[PDB]
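See structure below.
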Amino acid sequence: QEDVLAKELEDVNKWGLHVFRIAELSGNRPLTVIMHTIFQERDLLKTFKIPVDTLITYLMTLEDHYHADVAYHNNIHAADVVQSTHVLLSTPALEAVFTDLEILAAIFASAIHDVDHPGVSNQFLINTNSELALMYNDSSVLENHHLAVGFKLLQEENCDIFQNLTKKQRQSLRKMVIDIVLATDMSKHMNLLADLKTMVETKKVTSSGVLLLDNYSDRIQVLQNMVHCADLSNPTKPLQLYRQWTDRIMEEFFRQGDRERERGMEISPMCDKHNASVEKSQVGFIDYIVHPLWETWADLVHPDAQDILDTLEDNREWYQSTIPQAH
Amino acid sequence: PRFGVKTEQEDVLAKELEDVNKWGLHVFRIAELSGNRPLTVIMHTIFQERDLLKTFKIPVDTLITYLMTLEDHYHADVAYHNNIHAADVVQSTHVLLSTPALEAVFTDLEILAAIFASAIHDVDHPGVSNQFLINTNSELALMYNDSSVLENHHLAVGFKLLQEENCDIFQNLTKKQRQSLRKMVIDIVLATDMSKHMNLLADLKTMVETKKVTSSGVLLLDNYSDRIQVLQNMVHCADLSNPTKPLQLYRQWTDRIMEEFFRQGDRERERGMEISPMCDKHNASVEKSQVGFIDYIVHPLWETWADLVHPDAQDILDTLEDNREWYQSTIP
Ligand SMILES: COc1ccc(/C(C)=N/OCC(=O)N2C[C@H](C)O[C@@H](C)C2)cc1OC1CCCC1
Ligand SMILES: COc1ccc(/C(C)=N\OCC(=O)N2C[C@H](C)O[C@@H](C)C2)cc1OC1CCCC1
Ligand SMILES: [Mg+2]
Ligand SMILES: [Mg+2]
Ligand SMILES: [Mg+2]
Ligand SMILES: [Mg+2]
Ligand SMILES: [Mg+2]
Ligand SMILES: [Mg+2]
Ligand SMILES: [Mg+2]
Ligand SMILES: [Mg+2]
Ligand SMILES: [Zn+2]
Ligand SMILES: [Zn+2]
């Protein structure tokens, strides 16, 4: 029913959009539907002379290159990161900070950032001597590959959505998108966080409270962290959505662990279906990765992200409540 | 065969290979005397010299098969970035590793990594720059996201050739030796990207400022970071060693890099592109450009290396200064 779909797409500017319902209602086309809605919402097709049929053709072939049998790293995850980035771009602390081209880069980066993901980690690909790790010299193996596939698809018939950008704009967009997707590699998380903390310490704001970002380095660092936050946003969502993401990532991990077991390898942490606690694993994920990042983003845009941080803290307290603890 | 390939006389080739431990080995003669197999000949000689086949249980037929295949993937129609340049960088790294200030500093696996990295470090080079590949939307630049495009490719090819029939020279390394060597080779070849030269040199100057030495001048390296940084700079110096060589060698290397640069500029001109600096055969100042190259890149690098291994490199530096004066004296 196209009636219900348009009703759910009314929430596209809100944290917590019911992306799984959109996936079902759209015929498993959440990335196409949500990207189109956002491009309409931000008037991107007219600012960048994007033919609507070119946009739809690219989005459908991009969505086609996310794998349906990969439980977490599929087109629903892409659509979720896109929509979350779309919300974060509109945070009041960043009002009129970014150019339309920077906004287009951040949303495009989000849409392609996990394309053709195989469902196994960079470390797995390195340790199994995979062809992808051979091509990429063991360095941000997946993220380099996502970028290459995402740009390569712009070459399919009637898929060049950037055809009416100037050369300067195309060159700037490509650079920003590369910079953003490479920052989604989790091995870069601690260095990204260390620098974001220092940027918070020295941040400049207009009197109206809007952040001041003078040069490319400061601008791209904010977009990098903002898409990294959107990628790591599942525990900040309403519990009904967060539970579904947790099911999917645990399915994907356990599939990788089963391949490791078959192969005689050490099963990676959290990948052993027989000896894992989901509750501990999420509480550790929030405590050591997700909350340190979001409390720093929240500092940067204070108080814009307080409701997001409140949900994250409530979900942490919820997941820890059934783990026995010394009181 | 005596030297790894068949040659129309091993006696002339042997007297030339007696210089494999000397700066200024006549690498172009070796290429001729070996039937254009200088990389195979010189690598075989070094592996025997250093006893690396026995240390790592490398069958000699596997070594020769890999070197043949690797050599075949350097392009014969590229004037500079060909199998002779690879052979030169290997042999120069081999001399630098023997410098007195580095006596017993590196393990056999670190030596193997430096020499292997030198051999593969430009394989399948197409004769155009990273920036040309980016500017022309090449598939390689698409694959590698405009970052160290060629150097990522040379690594990928050099490692992939290990998988061909009877080519796996590392088959008898342990799995963690393989892992360590792989990481060091990647770290070394990525450092040959010239866009990293200024950062690499700045860090080398910092290492020189706080260098630790025994009483006899031998460097004291403390950890992987120290060791890999010295190997990275060593192979970068070997890559940038042409102007420090005997002048007749340097003159040929200059002729070859200009031929390659000019053919890239012709491709740029044909496509209406701005011609890259030093690639316009119609507006070139070859001699002035060599003096600039030495003043701004090569001398600052080699004076810092010479500081690290003082006084081991003093003659290399003196030759650099004399060669600078040759090109200065021939500016029209
Ligand atoms: C909903 O929860 C999660 C959502 C997303 C993620 C991602 C993308 N995490 O990135 C880490 C990573 O890629 N690994 C890759 C390899 C499998 O080895 C592992 C040790 C880590 C992680 C979530 O939860 C965690 C903690 C318990 C379940 C997973
Ligand atoms: C014997 O002389 C040379 C030997 C080697 C080189 C190499 C491999 N690289 O140099 C940097 C580079 O890769 N570039 C590539 C692109 C064309 O754009 C430029 C930024 C330079 C350069 C030599 O001399 C050159 C530099 C001065 C006169 C010609
Ligand atoms: Mg990813
Ligand atoms: Mg459940
Ligand atoms: Mg905390
Ligand atoms: Mg020994
Ligand atoms: Mg090179
Ligand atoms: Mg064996
Ligand atoms: Mg030290
Ligand atoms: Mg003129
Ligand atoms: Zn992701
Ligand atoms: Zn080279």
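All Cβ positions, even for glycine, are placed from backbone atoms using ideal geometry, and neighbour counts span all protein chains on display. A short reminder: the numbers here are calculations on the coordinates, not readings from a lab.
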Within segment A:255-270, the count of residues that are exposed (fewer than 15 other Cβ atoms within 10 Å of the Cβ) and either in contact with a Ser or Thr (Cβ under 7 Å, 6 or more places away or on another chain) or not small (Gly, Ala, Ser) (or both) comes to 6
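Quick grid of which residues meet (1) within 16 Å of ligand 2 (Cβ to nearest atom); (2) touching a residue at least 40 places away in the same chain (Cβ under 8 Å); (3) crowded, with 19+ Cβ neighbours inside 10 Å:
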position: A:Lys197; (1), (2), (3): no, yes, no
position: A:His228; (1), (2), (3): no, yes, yes
position: A:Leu232; (1), (2), (3): no, yes, yes
position: A:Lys237; (1), (2), (3): no, yes, yes
position: A:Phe253; (1), (2), (3): no, no, yes
position: A:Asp272; (1), (2), (3): no, no, no
position: A:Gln282; (1), (2), (3): no, yes, yes
position: A:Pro292; (1), (2), (3): no, yes, no
Residues of segment B:239-248 being surrounded by fewer than 18 Cβ atoms within 10 Å (Cβ to Cβ) and not in a loop (DSSP other than H, G, I, E, B), in sequence order, are B:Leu247, B:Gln248
For segment A:293-304 the number of residues that are of a type in the set (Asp, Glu) and either part of a helix (DSSP H, G or I) or under 12 Å from A:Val200 (Cα atoms) (or both) is 2
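Residues are listed down the side, and each one gets a yes or a no for (1) among the β-branched types (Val, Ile, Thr); (2) away from ligand 1 (no atom under 16 Å from the Cβ); (3) more than 19 Å from B:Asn83 (Cβ to Cβ); (4) exposed (fewer than 15 other Cβ atoms within 10 Å of the Cβ):
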| residue | (1), (2), (3), (4) |
| --- | --- |
| B:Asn152 | no, yes, yes, no |
| B:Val157 | yes, yes, no, no |
| B:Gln163 | no, yes, yes, yes |
| B:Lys175 | no, yes, yes, yes |
| B:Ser180 | no, yes, yes, no |
| B:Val189 | yes, yes, no, no |
Among helices (runs of 4 or more DSSP H) entirely inside segment B:1-96, those with 1 or more residues being surrounded by 20 or more Cβ atoms within 10 Å (Cβ to Cβ) and of a type in the set (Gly, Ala, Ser) are B:27-33
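So that you can scan it fast, the table gives a plain yes or no per residue for (1) more than 20 Å from A:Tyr58 (Cα to Cα); (2) β-branched (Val, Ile, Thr):
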residue	(1), (2)
A:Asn158	no, no
A:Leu165	no, no
A:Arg170	no, no
A:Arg174	no, no
A:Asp185	yes, no
A:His189	yes, no
A:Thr198	yes, yes
Considering residues that are of a type in the set (S, T, N, Q) and not in a helix (DSSP H, G or I), the number found within segment A:175-202 is 2
Residue in segment A:124-135 that is free of Cβ contacts under 8 Å to residues at least 12 places away in the same chain, surrounded by fewer than 20 Cβ atoms within 10 Å (Cβ to Cβ) and part of a loop (DSSP other than H, G, I, E, B) present: yes
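Per-residue answers, yes or no, for (1) within 14 Å of chain A (Cβ to nearest Cβ); (2) among the polar types (S, T, N, Q); (3) within 16 Å of ligand 7 (Cβ to nearest atom):
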position: B:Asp77; (1), (2), (3): no, no, no
position: B:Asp108; (1), (2), (3): no, no, no
position: B:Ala114; (1), (2), (3): no, no, yes
position: B:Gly127; (1), (2), (3): no, no, yes
position: B:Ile134; (1), (2), (3): yes, no, yes
Filter segment A:173-198 for residues that are over 16 Å from A:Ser121 (Cα atoms) and polar (S, T, N, Q); the one that is nearest to ligand 8 (Cβ to nearest atom) is A:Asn191
In segment B:273-292, anything closer than 20 Å to B:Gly127 by Cβ, not in a loop (DSSP other than H, G, I, E, B) and not hydroxyl-bearing (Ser, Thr, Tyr) is listed as B:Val286, B:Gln290
Taking segment B:148-174 and keeping residues farther than 22 Å from A:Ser140 by Cα and either within 14 Å of another protein chain (Cβ to nearest Cβ) or assigned to a helix (DSSP H, G or I) (or both) leaves B:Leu161, B:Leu162, B:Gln163, B:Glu164, B:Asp168, B:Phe170, B:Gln171, B:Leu173
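Answer yes or no as to whether B:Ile188 is within 14 Å of another protein chain (Cβ to nearest Cβ), of a type in the set (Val, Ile, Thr), under 18 Å from the mean Cα position of the chain (by Cα) and closer than 17 Å to B:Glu110 by Cβ.
yes
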